[PDB]
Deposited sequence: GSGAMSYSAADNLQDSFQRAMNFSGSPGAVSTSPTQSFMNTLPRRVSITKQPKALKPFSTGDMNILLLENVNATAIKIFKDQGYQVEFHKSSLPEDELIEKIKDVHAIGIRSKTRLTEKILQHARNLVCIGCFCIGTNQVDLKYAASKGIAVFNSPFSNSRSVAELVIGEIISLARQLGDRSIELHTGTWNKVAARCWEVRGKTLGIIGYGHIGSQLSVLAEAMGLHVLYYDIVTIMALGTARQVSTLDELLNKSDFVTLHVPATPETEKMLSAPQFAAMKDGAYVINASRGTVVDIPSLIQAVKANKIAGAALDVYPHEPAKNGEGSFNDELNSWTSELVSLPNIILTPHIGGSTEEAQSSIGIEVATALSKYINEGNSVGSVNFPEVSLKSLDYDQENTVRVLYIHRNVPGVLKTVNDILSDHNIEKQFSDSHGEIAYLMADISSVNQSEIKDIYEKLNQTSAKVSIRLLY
């Protein structure tokens, strides 16, 4: 009838390293008003920081970047071949943001320049926004507050709903989708999610096989997808046709993923009761007045005349929490690459690291040798280092570039200069630093 047998095998934080210095104080340039957390991390390392609140014109940048060891940018400052080619001293680039398209990664890598970003530091800020907007759409808060500001009193309960017992449809169950799932359940929503992949539910959310089943059974539909050919305009006339009468659409994902004119048709036809958009096919480049208009997007005027539409200026990760933790994530990443040669989490460089050295390891030196990925190079380097015990050593390749880290013992101030000069003279060399 059965037997008692072995259960299936299941499936805290607690409280001395050597401070390494380069043979060459380092100079950091921070643009586009990076958070003060980044600034404090860099100053506490001894580094000299130059801080600006704006991007710089191509002219002043080329002048500034000549003598700089690390630069922090956001989405606005373009680092092209044109401007990176004058960067004699540049060790690494910090992108205090998710995007890296504003940097010529291929070129940066070929000069031995490591690039870091913060891809996931914004998840919580977007999830909270969507909760706020579910409630705000449910209750038509925006409309109520606009009315009373113009002096109109319109106390309405009709089609104004409580969120408890309603269905949230999450399209894309990723970093943000999943954090949202848990908040939504805590606010008493049933969570369905469609994804092109099978994913393990958090809490008591249920994965649905087709988009059509989600749109059919959902009161609120929210999008948390990347920009791909398949996500392009993936919500359009036929999707809105498949949704419940008086259902709600929220998009804080990508400007392209929803067909705004179809949305506008659906809202006009009383099929969709509300929408919140944080992202649009075309967005201003700077902040300012009459930026959001029919020159930018043809339907801007038509949308601004609809009831119960929340429109936001791409502010999903626009919190002090998000900016400060981007500051820490990226300043830490640079700080460990400059101080230890740690390239883990870089988007353009081979990923390489070694355990820190004890305070007690006098006269150990760390070789950071970026080089062309061809046969013969380790032969040369390990020949040059032959007079010293290599405690340990790690090399990895990323296409046509490669990165060796080596720890060598019994090196006096004299022998360092010798080893630098020899490694500097090698055929395959792209960049060499010694940490001492």
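- Sequence ranges 1-26, 38-42, 47-50, 60-61 have no coordinates in this entry (deposited sequence, numbered from 1, C-alpha basis).
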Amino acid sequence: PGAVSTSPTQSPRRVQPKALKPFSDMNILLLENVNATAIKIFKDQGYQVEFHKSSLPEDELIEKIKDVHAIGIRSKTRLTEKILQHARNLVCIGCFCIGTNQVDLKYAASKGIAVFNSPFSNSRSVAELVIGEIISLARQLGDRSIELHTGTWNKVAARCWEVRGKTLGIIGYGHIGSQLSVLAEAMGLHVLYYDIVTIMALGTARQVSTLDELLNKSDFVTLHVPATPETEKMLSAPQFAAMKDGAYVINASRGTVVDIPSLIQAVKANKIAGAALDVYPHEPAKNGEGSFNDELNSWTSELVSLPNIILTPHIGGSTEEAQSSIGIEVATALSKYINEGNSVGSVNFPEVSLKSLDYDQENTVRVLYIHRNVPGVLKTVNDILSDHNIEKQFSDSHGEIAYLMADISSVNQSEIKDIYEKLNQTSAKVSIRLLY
From here on, numbers count along this sequence of modelled residues.
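- For the pair 146-154 and 127-135, the mean Cα B-factor is higher in 146-154.
- According to the PDB record, 232-240 carries the higher mean C-alpha B-factor of the two stretches 232-240 and 184-192.
- In the PDB entry, the Cα temperature factor peaks, among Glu321, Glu362, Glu351, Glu162, at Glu362.
- Residue set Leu61, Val381, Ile390, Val367: peak C-alpha B-factor at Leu61 (per PDB entry).
- In this PDB entry, the Cα temperature factor of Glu283 sits in the middle third of its chain's modelled residues.
- When the CA B factors of the chain's modelled residues are split into thirds, the value for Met405 lands in the lowest one.
- Split the chain's modelled residues into thirds by C-alpha temperature factor. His52 is in the highest one.
- Annotation for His175: CA B-factor lies in the lowest third of the chain's modelled residues.
- Sorting the modelled residues of the chain by their CA temperature factor places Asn339 in the middle third.
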